[PDB]
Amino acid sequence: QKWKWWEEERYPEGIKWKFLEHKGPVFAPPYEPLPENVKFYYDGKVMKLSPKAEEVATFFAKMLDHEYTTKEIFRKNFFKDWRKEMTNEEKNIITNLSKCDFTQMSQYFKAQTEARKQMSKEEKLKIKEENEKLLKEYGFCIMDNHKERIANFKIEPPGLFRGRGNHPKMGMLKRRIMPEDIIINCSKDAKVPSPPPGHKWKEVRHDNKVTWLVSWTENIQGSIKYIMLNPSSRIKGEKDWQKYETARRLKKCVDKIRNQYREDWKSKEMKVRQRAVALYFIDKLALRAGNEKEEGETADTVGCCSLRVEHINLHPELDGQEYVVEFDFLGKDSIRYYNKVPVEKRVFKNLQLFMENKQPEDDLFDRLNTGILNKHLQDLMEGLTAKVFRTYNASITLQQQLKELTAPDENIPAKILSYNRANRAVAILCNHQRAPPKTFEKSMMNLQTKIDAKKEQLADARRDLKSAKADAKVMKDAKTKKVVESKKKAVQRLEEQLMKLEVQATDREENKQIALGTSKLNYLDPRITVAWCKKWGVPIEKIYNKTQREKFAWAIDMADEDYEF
């Protein structure tokens, strides 16, 4: 079939859909109690735990290998939640987590993991088929005239929360989501999904102002989780396409905005100076619009508008550079942002004023928040917000770098290296850093041995040609000449193979501490990539895999070699 929704008339404002029907979520299988021979110990004595308490105990047992289970916060949160799950008799015996012995439970689960990787082809194939039919039955939904895939129709099973970074709620229990916690959304004329027998949905609504199918409240942060359509859908795709179109409009007025905030660094009002400086950071350094967050509820991370005095250090001179600002702080996902950046004199002077009479814990930009900044951006350009700058700067950088680095004569592998370097420049800018691949980085040794093996074949082929040429001199004829030809060809193929391996070796090295995934899927206008591929004859499958090819179908079909962001 293949529906090209991008050729349809743009979907109106307000209403998200007219018709919506789906089968609801897929609940995680019920908890299976431990077999008789897997004992739990408390104070050195065997103790049978009721299903509810035993289940929570298995979560802790499966995480016994991780260092975070030794953490104070983790253990405090865990035991407090585990206690709520216990019967009154169990609560009287188990006064603390340290007297407990989860060793046998831990070994059992490891044994099941070994047993599973030893299953027969009959078992394995059968499990795969049950999944496929579950995908056909619950993985799709009908939205206005078309059938579309649902992203995460299977609700995540219960477990223990860990989060990212130093989270205050790690160790807490993510309780099992039940039909009773589920809010279903569908059209008034669709067939309403039936909850499992003996249960009822929390609510059944018909809200065509939203795009979700199922929603529920998660107990850790108290936020609402959703089941929405997949990236290849029209509702997600159209919104992504609009995001890039917004970034393009920003392109034709960014210099106007830059000239304005540069002047604003001189304004009589402090609020205006701070807003102008913040804008400068978001634009030049692509920092995020740090929305304030509740203290003690989330890991301590910050963005632009939430920077504290302690997050920057001013240096009149550093490394022979003038007016250097030293940024050091934890951003999203607790990823450390460290950068020494030379700034304009007026910005440096402004920052010194913003740090006057303040404590290290106080905000750098008092009198400033994301709401005020975005309100201003909305004045400059309709639909402009803080994050649009990240999309714009990432996209313009990719386009520009692809234009400057691609060599017309290079073979596909070399062009891919160029594409990857351009993507890498975007990643470094967005600070999408990564830690060296868990000792598995030594797989560089494997490539090195392969390159050395190839260098040996190439050297062998050189001696063949060297002796073929020598034999061509003595008794010069067209028969020996064709041998010199066939030897040269063999040297050529080997040189290309070597070149390809060396390029792959360089690609991996330069990409040791960088994560390309996020920019690739969220910050780069796919049309830029599509245009580049078509222009140089690089098969799109070399850049985008199957799932990515589905998400960006709109760009792949609607974008020629002459597309310009």
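Note that residue numbering begins at 1 and tracks the sequence as displayed. Each form is matched to the other, and the largest set of C-alpha atoms that superpose within 1.5 Å is called the rigid core.
Colleague: In 4 other deposited structures of this protein, superposed by the rigid core, which stretch departs further from the shown form in CA positions, 331-339 or 112-120?
Modeller: After the core superposition, the stretch with higher RMS deviation in 4 other deposited structures of this protein is 112-120.
Colleague: Which of the two stretches, 178-186 or 84-92, moves more in 4 other deposited structures of this protein when the core is held fixed, judged by C-alpha RMS distance?
Modeller: Comparing 178-186 with 84-92, the larger C-alpha deviation in 4 other deposited structures of this protein belongs to 84-92.
Colleague: Across the other PDB entries of this protein that model residues on both sides of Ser467, is it left without coordinates in at least a third of them?
Modeller: Across the compared entries, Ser467 is left out in at least a third.
Colleague: Is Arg249 one of the residues left unmodelled in a third or more of the other entries compared?
Modeller: Other entries vs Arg249: none skip it.
Colleague: Do the CA atoms of 81-89 or those of 465-473 have the higher mean B-factor in the entry?
Modeller: Comparing averages over the C-alpha atoms only gives 465-473.
Colleague: Going by the B-factors listed in the PDB entry, is the mean over the C-alpha atoms higher for 386-394 or for 279-287?
Modeller: Comparing averages over the C-alpha atoms only gives 279-287.
Colleague: At the C-alpha atoms, which of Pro158, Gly331, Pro179, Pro316 reaches the highest B-factor in this entry?
Modeller: The C-alpha B-factor peaks, among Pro158, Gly331, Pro179, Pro316, at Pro316.
Colleague: If you compare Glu361, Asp240, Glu72, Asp207, which has the highest Cα B-factor in the entry?
Modeller: When the deposited C-alpha B-factors of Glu361, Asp240, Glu72, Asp207 are compared, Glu361 is largest.
Colleague: Which third of the chain does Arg10 land in by C-alpha B-factor: lowest, middle or highest?
Modeller: Top third by C-alpha B-factor.
Colleague: Sort the modelled residues of this chain by their C-alpha B factor and say whether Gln221 lands in the lowest, middle or highest third.
Modeller: Middle third of the chain for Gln221's C-alpha B-factor.
Colleague: Quick one: classify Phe440 as lowest, middle or highest third of the chain based on its Cα B-factor.
Modeller: Top third by C-alpha B-factor.
Colleague: Select lowest, middle or highest to describe the third in which the CA B-factor of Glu67 falls within its chain in this entry.
Modeller: For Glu67, whose C-alpha B-factor we compare with every modelled residue in the chain, the answer is the middle third.
Colleague: So where's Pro526 on the chain's Cα temperature factor ranking, which third?
Modeller: It belongs to the lowest third of the chain when residues are ordered by C-alpha B-factor.
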